[PDB]
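Chemist: Let me begin by handing over the structure; questions about it come next.
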Amino acid sequence: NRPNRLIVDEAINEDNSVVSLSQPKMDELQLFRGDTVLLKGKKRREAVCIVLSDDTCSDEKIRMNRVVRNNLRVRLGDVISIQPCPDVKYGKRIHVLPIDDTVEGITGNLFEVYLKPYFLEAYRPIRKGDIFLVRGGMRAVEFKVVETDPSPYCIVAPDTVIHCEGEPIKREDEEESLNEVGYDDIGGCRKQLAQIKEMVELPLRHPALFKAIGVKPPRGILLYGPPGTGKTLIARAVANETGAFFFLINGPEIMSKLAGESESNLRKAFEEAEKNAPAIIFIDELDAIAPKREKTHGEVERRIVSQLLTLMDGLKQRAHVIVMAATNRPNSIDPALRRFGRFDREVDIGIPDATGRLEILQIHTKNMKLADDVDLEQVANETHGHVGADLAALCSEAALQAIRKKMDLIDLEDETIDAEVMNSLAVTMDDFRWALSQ
Amino acid sequence: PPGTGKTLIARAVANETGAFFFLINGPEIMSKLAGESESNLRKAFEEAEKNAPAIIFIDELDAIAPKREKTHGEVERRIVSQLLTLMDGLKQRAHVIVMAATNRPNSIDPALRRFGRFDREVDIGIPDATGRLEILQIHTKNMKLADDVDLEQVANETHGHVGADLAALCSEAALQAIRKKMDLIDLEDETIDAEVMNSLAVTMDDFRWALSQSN
Amino acid sequence: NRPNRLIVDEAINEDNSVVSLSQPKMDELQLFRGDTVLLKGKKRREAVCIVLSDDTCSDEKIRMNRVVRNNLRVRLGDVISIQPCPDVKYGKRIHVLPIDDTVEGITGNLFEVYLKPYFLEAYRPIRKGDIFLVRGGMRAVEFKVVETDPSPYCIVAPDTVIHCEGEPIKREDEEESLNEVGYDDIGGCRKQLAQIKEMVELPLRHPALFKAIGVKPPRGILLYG
Ligand SMILES: Nc1ncnc2c1ncn2[C@@H]1O[C@H](COP(=O)(O)OP(=O)(O)O)[C@@H](O)[C@H]1O
Ligand SMILES: Nc1ncnc2c1ncn2[C@@H]1O[C@H](COP(=O)(O)OP(=O)(O)O)[C@@H](O)[C@H]1O
């Protein structure tokens, strides 16, 4: 009895201007694959998009990517209205400008470098006030649409004139950076990723539920696993992606403080994260603060260990605050914390398998011109047992290996580099092959 | 073992025999400043004799009173004795009782079991199946369960779970129902009336799920 | 489309007054083995040198040693211009002086001890304002050229009078000590030495790159052993 409302869920097709429904739901709203749909959302906000069928997608849900949700002002698991839009006319004029903080650095002709291959032969449906993302020149450029000739909303057919005029613009207060971290930056471990959300879904997203029912959320979540395996990442993702307030407790950064002033921080950390709730408090490197008491030869070394557990209990359910933690192994840390009062919930962010490796390889190659011979599938399948820092630097150094060759050539020119010089810069399977020796 | 119902039983007994209850939460003391740690520990007793007959309950005793081999510390140990002073300063006739909870006998200082103070020691072990079932029942008591919900089965498969394990198992299996009906409610967009809640059923497939989650 | 510009790379012949190109690059600039070449570099700076063929050397690159690069004001991997110089006349007078901090200690006749066996039968191309290094007497002596009779630049043939006159001189602000440590002081481990440079090449040498690209350098390097 509310058909056109829908839930928001992950993109499987990560093109900017494509949303995906189930096959029934298209039959329900009398929509056709390829039709331009219009979606409305919070803060009076509209986006226009191309609809497609997804066999996997649940009837209730709609798959879309950050670019989209951003202009709608929603986060994952929110609700929006979708209605057809076969009244959209081809555009004559589009006045697009870049957001200054995605362009400080690269120089040259954005019109040519990013906009041209993006819009080319796509017939994209845009809208006055959209914010979109282009991937090249070893970075991402964010563009806002200031005016279109068929206002508000128009299609971009080959015919369309694209006004690149003048200034890079400043970022508005509530428009988040598509540069910022999110789930689409994560790879390999999908299972765990879910388990996290669903625990944290209700208390973060529907915080007023738990004052109204006697039931209790998680308070604490712990992250197992090898180092650099995406722990610090996932956490910052989840908060940014569920719009939660984020406060970081960087283990060593506390232990570096003066005695007692260590605790003084640890309080204010919580104290603030209850003021700005619903919140994640994230403890990176927990074994730096809370090791097994056998390891704690120290009065003040231990004073903190308890000081934590005090605040971890002083944490109300109804404060709707959650604490996530990251350590290197369970044995590292004090057992008391896994007392089913505080860090009851414990996730094994392990290693990637080949499919996961591949996924991650993809995630860092996303802003680079790869050559046709580049076979990431291969790269993954031989790199048994690599974490997503391993695989991420593997990219970085294989890119730097291409930059070195073209760099010799550039040095003869002696010129600093325009984006255009960057866009022409290819990365090869022999540039990868190399970074493998490391 | 931890979360086995120790902190529970204690607060039950006091509420159920109308005794005055004062809680000494181990870490909560050790989190204090040196000496102000002791200053509390006195007032704790001092008050519990004023409000007698009373149970003074020490949750997580191994936090305050570990084996002296573990107590590399002057003030870490100063407290350990400060307890034993008050445990003796406890009159019989004060009709006050102290209950304590630790994770294992080896955890704690042997002196306390000196037949002066903690002479009496109870083994709150794990549940058997019948006990599990009992506990499952105890947290399902405010929820509409579906006819297919067979707690008997749940208990019977869940070998070796403590009553925190089994209690959260419920909580998350309920949250798992709340999620589905929650999708549906989100379309309404309404916050929830009790009436909405009363209609909210919990299923064996809602339970089945919360089983994947491990402890 | 800029042929005469070249990259700077390690010396394989560590004689002071010899630079080495590839065999194609000599055919490209129409240079002959033994020809006196003139090289220009940053801060208005010139050096003059003898060119040779190196089979190993990459066409793009030029092999030279610290003595050289110093007077050019460049470090490894920089760019310079090389042009022939068959107009260099034999020298009559050369007014050379030592730099005080490479001579406090040793006493005696520098003219005889260091300059004489150095210049002997070499036909070295020097230049007014060059800084060169001599190896003997259990140390290294650094000499600056204050004036030459065919100014600015001249060859040193047996005929040449070498004026050793007077004072040791102080070091100028930007002229680094060739006494100072460098790669030519290193031995054995060649592989590692490369691996280091290349990591540290881009961020140290081209530091404004990494504000302009999302890619990241190394931050830390550790040394086992
Ligand atoms: N699965 C992954 N997907 C994408 N990036 C990853 C992944 N795993 C690791 N990374 C990269 O490596 C780094 C991971 O470090 P992090 O999770 O912060 O670990 P830790 O706290 O374990 O040191 C991140 O900066 C990220 O760019
Ligand atoms: N036998 C049981 N019957 C009912 N509930 C239990 C039982 N054992 C544990 N629980 C539940 O789990 C928690 C037990 O925690 P607690 O007794 O405080 O453990 P500890 O002091 O052992 O950490 C309680 O909050 C309670 O709801």
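Identifiers for the structure tokens are assigned positionally: chains receive A, B, ... in sequence, residues are indexed from 1 per chain, and ligands are indexed from 1 in the order shown.
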Distance table requested - chain A against ligand 2, cut-off 8 Å, only C-alpha atoms and all ligand atoms: one row per qualifying residue with the closest atom pair and its distance in Å to one decimal, ordered by chain and rising residue number, as a Markdown table.

Modeler:
```
| residue | atom | partner | partner_atom_place_in_ligand_line | distance |
| --- | --- | --- | --- | --- |
| A:339 | CA | ligand 2 | 23 (O) | 6.2 |
| A:340 | CA | ligand 2 | 23 (O) | 6.9 |
| A:341 | CA | ligand 2 | 23 (O) | 7.1 |
```

Chemist: Please identify all protein, DNA and RNA residues within 6 Å of ligand 1, counting only C-alpha atoms and all ligand atoms, and report them as a PDB file with N, CA, C and O atoms, in the first residue's frame.

Modeler:
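File produced: out.pdb:
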```
ATOM      1  N   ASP A 185      34.670   1.595  -1.607  1.00  0.00           N
ATOM      2  CA  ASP A 185      36.136   1.503  -1.449  1.00  0.00           C
ATOM      3  C   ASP A 185      36.619   0.166  -0.825  1.00  0.00           C
ATOM      4  O   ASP A 185      37.812  -0.022  -0.601  1.00  0.00           O
ATOM      5  N   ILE A 186      35.706  -0.752  -0.527  1.00  0.00           N
ATOM      6  CA  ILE A 186      36.048  -1.954   0.226  1.00  0.00           C
ATOM      7  C   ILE A 186      35.956  -3.109  -0.693  1.00  0.00           C
ATOM      8  O   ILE A 186      35.133  -3.096  -1.607  1.00  0.00           O
ATOM      9  N   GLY A 187      36.756  -4.133  -0.419  1.00  0.00           N
ATOM     10  CA  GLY A 187      36.743  -5.341  -1.230  1.00  0.00           C
ATOM     11  C   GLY A 187      37.032  -6.631  -0.500  1.00  0.00           C
ATOM     12  O   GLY A 187      37.545  -6.639   0.613  1.00  0.00           O
ATOM     13  N   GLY A 188      36.691  -7.731  -1.153  1.00  0.00           N
ATOM     14  CA  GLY A 188      36.976  -9.055  -0.652  1.00  0.00           C
ATOM     15  C   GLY A 188      35.921  -9.521   0.306  1.00  0.00           C
ATOM     16  O   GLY A 188      35.112 -10.401  -0.012  1.00  0.00           O
ATOM     17  N   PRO A 227      47.451  -7.340   9.943  1.00  0.00           N
ATOM     18  CA  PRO A 227      47.531  -5.897   9.973  1.00  0.00           C
ATOM     19  C   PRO A 227      47.304  -5.313   8.604  1.00  0.00           C
ATOM     20  O   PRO A 227      47.611  -5.951   7.592  1.00  0.00           O
ATOM     21  N   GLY A 228      46.793  -4.094   8.593  1.00  0.00           N
ATOM     22  CA  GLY A 228      46.419  -3.412   7.362  1.00  0.00           C
ATOM     23  C   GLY A 228      45.379  -4.140   6.541  1.00  0.00           C
ATOM     24  O   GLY A 228      45.378  -4.036   5.331  1.00  0.00           O
ATOM     25  N   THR A 229      44.512  -4.904   7.179  1.00  0.00           N
ATOM     26  CA  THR A 229      43.612  -5.725   6.405  1.00  0.00           C
ATOM     27  C   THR A 229      42.297  -5.036   6.117  1.00  0.00           C
ATOM     28  O   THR A 229      41.384  -5.669   5.598  1.00  0.00           O
ATOM     29  N   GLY A 230      42.213  -3.742   6.428  1.00  0.00           N
ATOM     30  CA  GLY A 230      41.013  -2.929   6.131  1.00  0.00           C
ATOM     31  C   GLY A 230      40.192  -2.565   7.356  1.00  0.00           C
ATOM     32  O   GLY A 230      39.034  -2.130   7.256  1.00  0.00           O
ATOM     33  N   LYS A 231      40.809  -2.670   8.520  1.00  0.00           N
ATOM     34  CA  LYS A 231      40.046  -2.533   9.726  1.00  0.00           C
ATOM     35  C   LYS A 231      39.722  -1.059   9.911  1.00  0.00           C
ATOM     36  O   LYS A 231      38.534  -0.669   9.887  1.00  0.00           O
ATOM     37  N   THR A 232      40.781  -0.243  10.004  1.00  0.00           N
ATOM     38  CA  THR A 232      40.657   1.236  10.152  1.00  0.00           C
ATOM     39  C   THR A 232      39.786   1.812   9.005  1.00  0.00           C
ATOM     40  O   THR A 232      39.043   2.790   9.161  1.00  0.00           O
ATOM     41  N   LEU A 233      39.892   1.178   7.852  1.00  0.00           N
ATOM     42  CA  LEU A 233      39.119   1.554   6.711  1.00  0.00           C
ATOM     43  C   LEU A 233      37.642   1.317   7.020  1.00  0.00           C
ATOM     44  O   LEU A 233      36.873   2.268   7.141  1.00  0.00           O
ATOM     45  N   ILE A 360      39.971  -5.991  -4.955  1.00  0.00           N
ATOM     46  CA  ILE A 360      40.759  -4.915  -4.336  1.00  0.00           C
ATOM     47  C   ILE A 360      41.691  -4.286  -5.352  1.00  0.00           C
ATOM     48  O   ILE A 360      41.804  -3.051  -5.432  1.00  0.00           O
ATOM     49  N   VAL A 387      47.222  -9.125   1.757  1.00  0.00           N
ATOM     50  CA  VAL A 387      46.209  -8.215   2.272  1.00  0.00           C
ATOM     51  C   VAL A 387      46.092  -6.990   1.395  1.00  0.00           C
ATOM     52  O   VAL A 387      46.944  -6.667   0.531  1.00  0.00           O
ATOM     53  N   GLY A 388      44.984  -6.314   1.631  1.00  0.00           N
ATOM     54  CA  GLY A 388      44.605  -5.196   0.833  1.00  0.00           C
ATOM     55  C   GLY A 388      45.439  -3.957   1.030  1.00  0.00           C
ATOM     56  O   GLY A 388      45.141  -2.975   0.401  1.00  0.00           O
ATOM     57  N   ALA A 389      46.419  -3.952   1.932  1.00  0.00           N
ATOM     58  CA  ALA A 389      47.503  -2.959   1.866  1.00  0.00           C
ATOM     59  C   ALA A 389      48.579  -3.414   0.869  1.00  0.00           C
ATOM     60  O   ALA A 389      49.096  -2.600   0.040  1.00  0.00           O
ATOM     61  N   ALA A 392      47.304  -2.940  -2.527  1.00  0.00           N
ATOM     62  CA  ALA A 392      47.121  -1.506  -2.791  1.00  0.00           C
ATOM     63  C   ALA A 392      48.413  -0.790  -3.089  1.00  0.00           C
ATOM     64  O   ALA A 392      48.453   0.105  -3.944  1.00  0.00           O
TER      65      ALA A 392
END
```

Chemist: With a distance cut-off of 10 Å and only C-alpha atoms, select the neighbouring residues of residue 57 in chain C, excluding the residue or stretch itself and same-chain residues fewer than 4 positions from it, and output the selection as a list in words.

Modeler: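 My reading of the contact set: residues 9, 10, 11, 12, 20, 21, 22, 23, 25, 53, 61, 62 and 63 of chain C.
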
Chemist: Considering only C-alpha atoms, extract the chain A residues located within 7 Å of chain C and return them as a ChimeraX atom specification.

Modeler: /A:105-106,138-139,396,412

Chemist: Export N, CA, C and O atoms of the chosen residues as a tab-separated table (two decimals), in the first residue's frame?

Modeler:
```tsv
chain	number	residue	atom	x	y	z
A	105	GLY	N	46.09	20.93	-7.87
A	105	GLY	CA	47.13	19.97	-8.24
A	105	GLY	C	47.24	19.77	-9.75
A	105	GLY	O	48.17	20.31	-10.37
A	106	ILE	N	46.32	18.99	-10.32
A	106	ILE	CA	46.30	18.79	-11.79
A	106	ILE	C	45.98	20.08	-12.53
A	106	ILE	O	45.15	20.88	-12.08
A	138	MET	N	44.97	9.82	-12.89
A	138	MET	CA	45.35	9.41	-11.53
A	138	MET	C	44.76	10.28	-10.44
A	138	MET	O	45.43	10.65	-9.48
A	139	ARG	N	43.47	10.58	-10.61
A	139	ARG	CA	42.66	11.16	-9.54
A	139	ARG	C	41.16	11.09	-9.90
A	139	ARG	O	40.79	10.44	-10.88
A	396	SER	N	50.19	1.06	-6.43
A	396	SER	CA	50.90	2.35	-6.30
A	396	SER	C	52.31	2.30	-6.93
A	396	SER	O	52.65	3.15	-7.80
A	412	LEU	N	63.18	15.34	-20.39
A	412	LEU	CA	63.72	15.97	-21.61
A	412	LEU	C	62.90	17.21	-21.99
A	412	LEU	O	63.48	18.24	-22.37
```

Chemist: Within 6 Å of chain B, which residues belong to chain A? Use only C-alpha atoms and report them as a short mmCIF file (atom, residue, chain, number, x, y, z; two decimals) with N, CA and C atoms, in the first residue's frame.

Modeler:
```
data_model
loop_
_atom_site.label_atom_id
_atom_site.label_comp_id
_atom_site.auth_asym_id
_atom_site.auth_seq_id
_atom_site.Cartn_x
_atom_site.Cartn_y
_atom_site.Cartn_z
N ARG A 303 46.01 1.11 34.94
CA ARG A 303 45.00 2.12 35.31
C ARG A 303 44.12 2.52 34.15
N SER A 306 41.59 -0.47 33.02
CA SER A 306 40.32 -0.41 33.75
C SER A 306 39.46 0.80 33.34
N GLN A 307 40.11 1.97 33.28
CA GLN A 307 39.48 3.23 32.86
C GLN A 307 38.67 3.06 31.60
N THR A 310 35.52 0.91 32.52
CA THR A 310 34.54 1.81 33.19
C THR A 310 33.64 2.56 32.21
#
```

Chemist: Could you please determine the separation between CA of residue 166 in chain C and CA of residue 90 in chain C in Å, to one decimal place?

Modeler: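 CA of residue 166 in chain C sits 24.4 Å away from CA of residue 90 in chain C.
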
Chemist: Which neighbours of residue 142 in chain C fall inside 6 Å, counting only C-alpha atoms, when residues of the same chain fewer than 2 positions from it are skipped, and could you give them as JSON, numbers by chain?

Modeler: {"C": [98, 99, 132, 133]}

Chemist: I'd like the neighbourhood of range 291-300 of chain A as an MDAnalysis selection string, where a residue qualifies if any of its atoms comes within 6 Å (using only C-alpha atoms), though same-chain residues fewer than 3 positions away should be ignored.

Modeler: chainID A and resid 287 303 332:334

Chemist: Would you export the selected residues with N, CA, C and O atoms as a CSV table (one decimal), in the first residue's frame, please?

Modeler:
```csv
chain,number,residue,atom,x,y,z
A,287,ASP,N,45.2,-3.3,21.2
A,287,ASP,CA,46.3,-3.9,21.9
A,287,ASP,C,47.3,-3.0,22.4
A,287,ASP,O,48.1,-3.3,23.3
A,303,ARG,N,46.0,1.1,34.9
A,303,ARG,CA,45.0,2.1,35.3
A,303,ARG,C,44.1,2.5,34.1
A,303,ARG,O,42.9,2.8,34.3
A,332,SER,N,46.3,-10.9,21.8
A,332,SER,CA,46.9,-9.6,22.0
A,332,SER,C,46.2,-9.0,23.2
A,332,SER,O,46.9,-8.6,24.2
A,333,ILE,N,44.9,-8.9,23.2
A,333,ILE,CA,44.1,-8.1,24.1
A,333,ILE,C,43.7,-8.7,25.4
A,333,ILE,O,43.7,-9.9,25.5
A,334,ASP,N,43.3,-7.8,26.3
A,334,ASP,CA,42.7,-8.2,27.6
A,334,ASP,C,41.4,-9.0,27.3
A,334,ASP,O,40.6,-8.5,26.5
```

Chemist: Where does DSSP see alpha helix (DSSP H) in range 207-404 of chain A, if you list the residues as a PyMOL selection string?

Modeler: chain A and resi 209-212+231-241+251-255+261-275+300-314+354-364+376-382+390-404

Chemist: May I have the residues within 9 Å of residue 104 in chain B as a VMD selection string, using only C-alpha atoms and disregarding those fewer than 3 positions away in the same chain?

Modeler: chain B and resid 1 62 101 107 to 108

Chemist: Next, the residues of the selection above should be written as a PDB file, in the first residue's frame with N, CA and C atoms.

Modeler:
```
ATOM      1  N   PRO B   1      32.881 -19.546  34.509  1.00  0.00           N
ATOM      2  CA  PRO B   1      33.016 -18.827  33.235  1.00  0.00           C
ATOM      3  C   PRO B   1      32.265 -17.489  33.205  1.00  0.00           C
ATOM      4  N   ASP B  62      38.742 -10.370  40.766  1.00  0.00           N
ATOM      5  CA  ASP B  62      40.092 -10.490  40.236  1.00  0.00           C
ATOM      6  C   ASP B  62      40.676  -9.184  39.726  1.00  0.00           C
ATOM      7  N   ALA B 101      32.198 -12.096  42.776  1.00  0.00           N
ATOM      8  CA  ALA B 101      32.227 -12.813  41.521  1.00  0.00           C
ATOM      9  C   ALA B 101      33.564 -12.620  40.829  1.00  0.00           C
ATOM     10  N   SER B 107      42.500 -17.003  39.638  1.00  0.00           N
ATOM     11  CA  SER B 107      42.552 -15.567  39.376  1.00  0.00           C
ATOM     12  C   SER B 107      42.951 -14.820  40.656  1.00  0.00           C
ATOM     13  N   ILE B 108      42.247 -15.148  41.734  1.00  0.00           N
ATOM     14  CA  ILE B 108      42.216 -14.318  42.918  1.00  0.00           C
ATOM     15  C   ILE B 108      43.274 -14.685  43.936  1.00  0.00           C
TER      16      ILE B 108
END
```

Chemist: If we count only C-alpha atoms and set the cut-off at 7 Å, which residues sit around range 196-204 of chain A, ignoring sequence neighbours fewer than 3 positions away in its own chain? Please answer as a list in words.

Modeler: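 Contacts, with the query itself left out: residues 192, 193, 207, 217, 218, 244, 278, 279 and 320 of chain A.
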
Chemist: Mind dumping the selected residues with N, CA, C and O atoms as a PDB file, in the first residue's frame?

Modeler:
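Dumped everything to part_20.pdb:
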```pdb
ATOM      1  N   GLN A 192      31.316 -10.255   6.313  1.00  0.00           N
ATOM      2  CA  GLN A 192      31.601  -9.404   7.445  1.00  0.00           C
ATOM      3  C   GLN A 192      31.010  -8.037   7.265  1.00  0.00           C
ATOM      4  O   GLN A 192      30.438  -7.488   8.188  1.00  0.00           O
ATOM      5  N   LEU A 193      31.107  -7.495   6.063  1.00  0.00           N
ATOM      6  CA  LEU A 193      30.608  -6.153   5.845  1.00  0.00           C
ATOM      7  C   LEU A 193      29.125  -6.078   6.187  1.00  0.00           C
ATOM      8  O   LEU A 193      28.645  -5.063   6.693  1.00  0.00           O
ATOM      9  N   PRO A 207      17.714   5.414  15.875  1.00  0.00           N
ATOM     10  CA  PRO A 207      18.222   5.480  17.248  1.00  0.00           C
ATOM     11  C   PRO A 207      17.140   5.606  18.300  1.00  0.00           C
ATOM     12  O   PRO A 207      17.312   5.117  19.413  1.00  0.00           O
ATOM     13  N   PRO A 217      20.859  -2.980  21.902  1.00  0.00           N
ATOM     14  CA  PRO A 217      21.678  -3.119  20.731  1.00  0.00           C
ATOM     15  C   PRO A 217      23.005  -3.726  21.124  1.00  0.00           C
ATOM     16  O   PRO A 217      23.266  -3.972  22.307  1.00  0.00           O
ATOM     17  N   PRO A 218      23.852  -3.969  20.135  1.00  0.00           N
ATOM     18  CA  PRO A 218      25.260  -3.996  20.491  1.00  0.00           C
ATOM     19  C   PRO A 218      25.762  -2.653  21.075  1.00  0.00           C
ATOM     20  O   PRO A 218      25.297  -1.559  20.738  1.00  0.00           O
ATOM     21  N   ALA A 244      26.953   8.579  10.695  1.00  0.00           N
ATOM     22  CA  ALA A 244      27.135   8.581  12.138  1.00  0.00           C
ATOM     23  C   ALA A 244      28.236   9.551  12.454  1.00  0.00           C
ATOM     24  O   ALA A 244      29.051   9.874  11.583  1.00  0.00           O
ATOM     25  N   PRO A 278      23.849   9.828  17.177  1.00  0.00           N
ATOM     26  CA  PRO A 278      24.404   8.468  17.205  1.00  0.00           C
ATOM     27  C   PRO A 278      25.811   8.416  16.663  1.00  0.00           C
ATOM     28  O   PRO A 278      26.103   9.033  15.629  1.00  0.00           O
ATOM     29  N   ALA A 279      26.669   7.678  17.355  1.00  0.00           N
ATOM     30  CA  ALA A 279      28.080   7.730  17.065  1.00  0.00           C
ATOM     31  C   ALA A 279      28.769   6.392  17.124  1.00  0.00           C
ATOM     32  O   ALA A 279      28.404   5.493  17.904  1.00  0.00           O
ATOM     33  N   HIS A 320      22.779   5.034  22.288  1.00  0.00           N
ATOM     34  CA  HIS A 320      22.756   4.622  20.872  1.00  0.00           C
ATOM     35  C   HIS A 320      24.127   4.836  20.245  1.00  0.00           C
ATOM     36  O   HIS A 320      24.259   5.085  19.044  1.00  0.00           O
TER      37      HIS A 320
END
```

Chemist: Would you mind reading off the distance between CA of residue 18 in chain C and CA of residue 51 in chain C, one decimal, in Å?

Modeler: 5.9 Å

Chemist: Enumerate as a ChimeraX atom specification all residues of range 99-346 of chain A assigned to strand (DSSP E) by DSSP on the backbone, naming them with the chain letters and numbers the document uses.

Modeler: /A:124-127,131-136,139-148,153-156,161-163,220-224,245-250,279-284,322-326,345-346

Chemist: If you measure from CA of residue 22 in chain B to CA of residue 336 in chain A, what distance in Å do you get, rounded to one decimal?

Modeler: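 These atoms are spaced 22.0 Å apart.
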